[PDB]
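Only one chain is shown below, in structure tokens, and it's the form deposited in one PDB entry.
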């Protein structure tokens, strides 16, 4: 853990850029390594989960999002992205609960205004198909 400096930031910035560049397998390797250097840092679990989600590895994505939630139970993005994966698994009920949670974690905070619209929209999709 502490044999390393804030190089974690350099590595994190690298893995971040790789994810943006579509190199998900490489970003994944770096994020996974960061999860070792500091397994209490939810940024790394959020990133790792995103890489797995980007490669359509949904179960693994949900696993990472769950680990990271433990490290930050106030963070809306964990239940949110996990809900996205659950939708891809065709599990709408599980997804809706996650979306309800993210929605409650967001609590009308302006900083998540865009994330909220997406949550309201995904709920409305589930809601429309569910209500017949």
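Positions refer to the first chain, counted from 1.
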query: Higher-scoring stretch by recorded Cα B factor average, 120-128 or 10-18; finding: 10-18
query: Entry-level comparison of average CA B-factors, 35-43 and 86-94, reporting the higher stretch; finding: 35-43
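Only in words, not in the display: the form solved in complex with a partner chain, which the text now covers.
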item	value
Heavy atom of residue 46 within 4.5 Å of the partner chain in the deposited complex	yes
Partner proximity in the deposited complex: residue 121 to the partner chain, non-hydrogen atom cutoff 4.5 Å	no
Contact test in the deposited complex: residue 105 vs the partner chain, heavy atoms, 4.5 Å	no
Contact test in the deposited complex: residue 54 vs the partner chain, heavy atoms, 4.5 Å	yes
